[PDB]
Amino acid sequence: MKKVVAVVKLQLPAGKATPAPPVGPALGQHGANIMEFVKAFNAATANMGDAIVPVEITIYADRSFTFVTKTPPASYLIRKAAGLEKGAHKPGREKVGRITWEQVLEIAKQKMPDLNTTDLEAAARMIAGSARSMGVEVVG
Amino acid sequence: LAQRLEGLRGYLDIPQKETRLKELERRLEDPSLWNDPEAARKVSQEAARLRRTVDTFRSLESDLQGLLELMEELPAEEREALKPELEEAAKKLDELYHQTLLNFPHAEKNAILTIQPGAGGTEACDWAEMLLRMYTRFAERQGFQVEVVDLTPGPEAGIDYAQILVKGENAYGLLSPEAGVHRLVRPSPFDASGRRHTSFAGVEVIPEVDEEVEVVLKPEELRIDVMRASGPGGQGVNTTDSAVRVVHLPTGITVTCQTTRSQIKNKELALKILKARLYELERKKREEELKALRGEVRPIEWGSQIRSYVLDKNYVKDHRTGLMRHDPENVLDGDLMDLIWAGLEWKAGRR
RNA sequence: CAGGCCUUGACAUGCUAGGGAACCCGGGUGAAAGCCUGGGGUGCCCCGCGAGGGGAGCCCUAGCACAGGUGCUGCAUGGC
RNA sequence: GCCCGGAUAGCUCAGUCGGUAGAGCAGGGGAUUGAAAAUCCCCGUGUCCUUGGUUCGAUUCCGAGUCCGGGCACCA
């Protein structure tokens with residue numbers, strides 16, 4: 001999130017990204033290019049590792065942009081702690097995963113910036129609501 | 001050796017569809033196309049079909065280079081530790097097969113096989129009697145379930161008509177290619193000299209789609225009229241609007257009744273007639289939409305064969321693909337997977 | 001048929017290379033097959049007592065031409 | 001729509017005062033013939049339409065419904 005009247009925030013793949021499948025053309029519809037965010041972009045994706053990369057865009061109408069990289073979405077960073085890939089067709093009380101108490105503080109060293117709280121406990125009770133969205137148990 | 005042909009059966013579809021995905025992925029990146037609610041959706045399904053054409057060409061160039069370089073047939077340490085790495089990556093090679101089998105408009109449901117004899121008379125029915133148990137073991141080996149809907153003998157020897165219903169998941173797609181006229185050439189047992197003779201027999205295949213029987217004509221599209229009765233009677237035939245005319249508006253058919261002297265018994269008697277004449281002209285279309293929906297290969301004549309079985313010189317000739325198998329007495333047991341594999345490539349390869 | 005293995009292959013001839021050239025006797029893992037591994041030591045043509053190797057039976061590893069088929073065709077055939 | 005009659009083996013038909021279910025054809029096994037048909041031996045074969053009642057108990061006797069075959073639907 002930035003400013004408005006011409007911006008788009010997506011969560012790119014990892015490794016390759018140039019075509020149109022993910023969101024490739026959606027940003028061209030609202031103004032974009034092919035030579036600015038493909039190779040002269042994957043400098044960060046080659047470093048961030050893999051999975052998903054919540055990097056966004058900001059249009060100016062002249063190939064300029066505020067390519068503010070972000071931290072992997074709390075939907076994926078949780079598949080790392082438990083293991084499952086999806087989460088659950090429908091959350092609730094049954095789920096194919098498990099996440100102990102300090103299991104949610106393992107990601108506290110990942111998500112720390114713009115969350116809102118600098119500390120670890122005033123920002124973990126936020127992801128505990130995300131542990132009732134995909135489903136992932138809280139071993140207690 | 002059973003891996004150089006299947007890895008290439010998706011290699012001819014690469015440039016045919018690869019150069020086509022570009023003149024389609026280059027229309028979405030321009031918003032000027034989105035002004036069409038449906039023409040921008042029609043372009044996004046074929047663009048979404050870049051999911052079976054941009055995933056396979058990714059997990060198919062690693063199964064041809066990561067296996068054909070350090071594969072010694074001499075028991076080693078890097079060879080039997082490399083077989084379980086491709087044993088579920090060759091058990092997965094069926095994912096590229098079912099994509100040319102599950103694409104029929106109705107290959108899921110159970111199928112219906114009609115094995116009818118043809119040219120060759122007395123012998124030709126023995127042929128259909130042999131092809132019947134040939135398809136019987138086949139659908140009993142794969143695991144499917146049989147229902148003999150009809151079987152009927154006849155005069156000398158063979159079989160007159162055989163109609164069977166075979167179930168199981170994706171059954172029609174498996175017995176759809178075996179739809180034609182199968183020729184046989186062998187020494188005639190019903191002859192004194194034993195001369196070499198030829199026999200023809202037809203095999204039809206049709207899935208089990210619709211089943212119910214209901215035509216509730218709600219009086220929503222009916223235009224009933226009440227004209228004054230005609231003929232005998234008295235003051236009452238002149239003055240009472242006895243005669244009635246039920247008019248079927250979405251069709252054009254009009255039935256009339258004047259048998260009785262009442263209107264409520266004549267419009268009801270005119271519906272016991274309109275329902276009848278409909279029950280024949282609404283089923284005549286389920287017989288005319290199904291007499292051109294089967295196909296065309298059924299002359300049974302000399303020159304319309306899909307596969308030839310000859311036990312004289314001992315071989316099987318698939319006239320569609322061109323193959324010549326040498327085990328005829330073995331194909332007559334149910335081993336059909338392979339010629340069905342090929343008939344589902346030759347058939348759905350021209351469309 | 002299911003399973004474990006062997007591929008110059010169980011056998012016939014012949015070629016090429018250093019092994020190796022009669023040869024007999026253990027151990028190990030495996031159900032067995034097979035793969036691994038431990039020893040005595042090879043008369044002989046014979047310059048030559050000899051260092052050596054020419055050496056014929058001839059066994060072992062590698063390579064080539066080949067071997068193998070109870071797979072089909074008894075209306076392709078012999079013979080019975 | 002009223003009045004009368006029926007459904008019983010796969011097919012066509014009989015039958016009991018209520019307690020016994022039968023005939024012909026089909027079908028299965030064997031036999032003959034080189035092999036078919038014909039012929040000969042050996043068998044099996046049913047909620048007696050469904051739904052209730054009386055009775056000690058109903059294929060049968062009454063009630064209801066569904067289907068079928070008929071006769072009736074006139075005077076103006």
# chains A, B, ... in the order shown; residues from 1 in each chain; ligands from 1
>>> residues_around(residues="region 140-157 of chain B", least_positions_apart="4", cutoff="7 Å", atoms="only C-alpha atoms (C1' of nucleotides)", output="VMD selection string")
(chain B and resid 122 125 to 126 136 161 to 168) or (chain D and resid 36)
>>> select_by_dssp(residues="region 219-324 of chain B", states="alpha helix (DSSP H)", output="list in words")
residues 235, 236, 237, 238, 239, 264, 265, 266, 267, 268, 269, 270, 271, 272, 273, 274, 275, 276, 277, 278, 279, 280, 281, 285, 286, 287 and 288 of chain B
>>> closest_atom_pairs(of="chain A", to="chain B", cutoff="8 Å", atoms="only C-alpha atoms", output="Markdown table")
| residue | atom | partner | partner_atom | distance |
| --- | --- | --- | --- | --- |
| A:19 | CA | B:25 | CA | 7.5 |
| A:20 | CA | B:25 | CA | 6.2 |
| A:21 | CA | B:48 | CA | 7.3 |
| A:24 | CA | B:29 | CA | 7.3 |
| A:25 | CA | B:29 | CA | 3.8 |
| A:26 | CA | B:29 | CA | 6.4 |
| A:27 | CA | B:29 | CA | 7.5 |
| A:28 | CA | B:29 | CA | 5.1 |
| A:29 | CA | B:31 | CA | 4.3 |
| A:30 | CA | B:31 | CA | 7.5 |
>>> residues_around(residues="residue 67 (chain A)", least_positions_apart="2", cutoff="8 Å", atoms="only C-alpha atoms (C1' of nucleotides)", output="list in words")
residues 55, 56, 57, 58, 65 and 69 of chain A
>>> write_last_selection(atoms="N, CA and C atoms", output="PDB file, in the first residue's frame")
ATOM      1  N   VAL A  55       6.254  -8.321  -3.625  1.00  0.00           N
ATOM      2  CA  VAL A  55       6.801  -7.049  -4.093  1.00  0.00           C
ATOM      3  C   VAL A  55       5.707  -6.339  -4.875  1.00  0.00           C
ATOM      4  N   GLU A  56       5.635  -5.010  -4.776  1.00  0.00           N
ATOM      5  CA  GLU A  56       4.552  -4.351  -5.493  1.00  0.00           C
ATOM      6  C   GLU A  56       5.047  -3.391  -6.573  1.00  0.00           C
ATOM      7  N   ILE A  57       4.116  -2.549  -7.041  1.00  0.00           N
ATOM      8  CA  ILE A  57       4.331  -1.584  -8.114  1.00  0.00           C
ATOM      9  C   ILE A  57       3.649  -0.255  -7.785  1.00  0.00           C
ATOM     10  N   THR A  58       4.063   0.794  -8.497  1.00  0.00           N
ATOM     11  CA  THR A  58       3.495   2.135  -8.362  1.00  0.00           C
ATOM     12  C   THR A  58       3.673   2.794  -9.723  1.00  0.00           C
ATOM     13  N   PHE A  65       8.704   3.578 -11.022  1.00  0.00           N
ATOM     14  CA  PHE A  65       7.910   2.877 -10.024  1.00  0.00           C
ATOM     15  C   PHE A  65       8.674   2.746  -8.717  1.00  0.00           C
ATOM     16  N   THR A  69       9.812  -3.962  -2.137  1.00  0.00           N
ATOM     17  CA  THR A  69       9.721  -5.379  -1.813  1.00  0.00           C
ATOM     18  C   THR A  69       9.065  -5.526  -0.436  1.00  0.00           C
TER      19      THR A  69
END
>>> residues_around(residues="residue 74 (chain D)", least_positions_apart="2", cutoff="12 Å", atoms="only C-alpha atoms (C1' of nucleotides)", output="list in words")
residues 233, 234, 260 and 261 of chain B; 72 and 76 of chain D
>>> write_last_selection(atoms="N, CA and C atoms (P, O5', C5', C4', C3', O3' and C1' of nucleotides)", output="PDB file, in the first residue's frame")
ATOM      1  N   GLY B 233     -77.426 -32.647 -31.702  1.00  0.00           N
ATOM      2  CA  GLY B 233     -77.710 -31.964 -30.460  1.00  0.00           C
ATOM      3  C   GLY B 233     -79.065 -31.293 -30.481  1.00  0.00           C
ATOM      4  N   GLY B 234     -79.226 -30.226 -29.709  1.00  0.00           N
ATOM      5  CA  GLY B 234     -80.483 -29.507 -29.686  1.00  0.00           C
ATOM      6  C   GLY B 234     -80.313 -28.015 -29.559  1.00  0.00           C
ATOM      7  N   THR B 260     -67.711 -35.747 -26.428  1.00  0.00           N
ATOM      8  CA  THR B 260     -68.688 -35.650 -25.357  1.00  0.00           C
ATOM      9  C   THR B 260     -69.456 -34.331 -25.481  1.00  0.00           C
ATOM     10  N   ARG B 261     -70.268 -34.027 -24.465  1.00  0.00           N
ATOM     11  CA  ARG B 261     -71.078 -32.814 -24.419  1.00  0.00           C
ATOM     12  C   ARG B 261     -70.597 -31.815 -23.371  1.00  0.00           C
TER      13      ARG B 261
ATOM     14  P     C D  72     -73.064 -50.175 -26.124  1.00  0.00           P
ATOM     15  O5'   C D  72     -73.749 -49.242 -25.027  1.00  0.00           O
ATOM     16  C5'   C D  72     -72.961 -48.320 -24.290  1.00  0.00           C
ATOM     17  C4'   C D  72     -73.640 -47.808 -23.043  1.00  0.00           C
ATOM     18  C3'   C D  72     -73.954 -46.316 -23.062  1.00  0.00           C
ATOM     19  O3'   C D  72     -75.223 -46.030 -23.624  1.00  0.00           O
ATOM     20  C1'   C D  72     -72.651 -46.802 -21.160  1.00  0.00           C
ATOM     21  P     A D  76     -83.404 -34.509 -29.338  1.00  0.00           P
ATOM     22  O5'   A D  76     -82.223 -33.569 -28.831  1.00  0.00           O
ATOM     23  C5'   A D  76     -82.398 -32.158 -28.778  1.00  0.00           C
ATOM     24  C4'   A D  76     -83.553 -31.791 -27.887  1.00  0.00           C
ATOM     25  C3'   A D  76     -83.894 -30.301 -27.804  1.00  0.00           C
ATOM     26  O3'   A D  76     -85.311 -30.136 -27.765  1.00  0.00           O
ATOM     27  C1'   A D  76     -83.486 -31.165 -25.639  1.00  0.00           C
TER      28        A D  76
END
